[PDB]
Amino acid sequence: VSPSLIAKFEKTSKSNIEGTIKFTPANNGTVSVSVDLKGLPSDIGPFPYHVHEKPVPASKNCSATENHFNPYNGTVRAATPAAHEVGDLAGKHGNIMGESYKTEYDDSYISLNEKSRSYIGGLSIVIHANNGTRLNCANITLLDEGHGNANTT
Ligand SMILES: [Cu+2]
């Protein structure tokens, strides 16, 4: 079974958005997603958020994550969840909204399996203002410090 992942958002001069998006392997071949965010800016939401294709660099410049993770060439607007880009979490599941936002859902398209074409490990998540402006972003990293079948964490 594939390991859990997390994206940790930190507050800076650029953004007050902080919190986490957790990705945990679940039943029925899906991934459980847990969003817990605060400090979302006044009135420029709702906030689309997506898995992007490159890491956040040390500069924390969210532009450097480049485009959406879209291995199966999906579309931004769709009539069924699977037609969306794999990385388009908000399009499938709803935009972030409010000053604080907590939600849990299953996504059946992202993968925690590094041998999968839909693997999202090592990628990033960007949160946008409604007009598309990139507000904050975080790398998707390993959640637990200890792994292996003879270990504890
Ligand atoms: Cu995006």
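Once you have the Cα-Cα distance between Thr24 and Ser4, take 0.36 nm times their residue separation minus that, and quote the gain in nm to one decimal.
6.7 nm
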Stretch gain in nm, segment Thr152-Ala83, where the contour uses 0.36 nm per residue and the Cα spacing is subtracted: 20.9 nm
Length released on extending from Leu143 to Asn95, taking residue separation times 0.36 nm less the Cα-Cα span: 14.9 nm
Within the chain, helix-based [θ] at 222 nm, where runs of 4 or more DSSP H residues each add -39,500 (n - 2.57), nearest 500: -500 deg cm²/dmol
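Where the only charges are on Cβ atoms (+1 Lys, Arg; -1 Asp, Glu), what is the dipole of the chain about its Cα centre, to the nearest 20 debye? Kindly include the intermediate steps, with their values, before the conclusion.
Numbers: 13 positive and 15 negative charges, 49 e Å.
The calculation lands at about 240 debye.
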Restraint check, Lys14/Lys92; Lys60/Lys102; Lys8/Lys60; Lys11/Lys92, Cα-Cα greater than 21 Å: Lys14/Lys92; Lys60/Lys102; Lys11/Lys92
Cα gyration tensor category, rounded, prolate or oblate, for the range 1-105 with a/c compared to 1.5: rounded
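Quick reminder, even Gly has a Cβ in these numbers, built from the backbone with ideal geometry, and neighbours come from all protein chains shown. Every number in this text was worked out from the coordinates using simple rules, so none of it is lab data.
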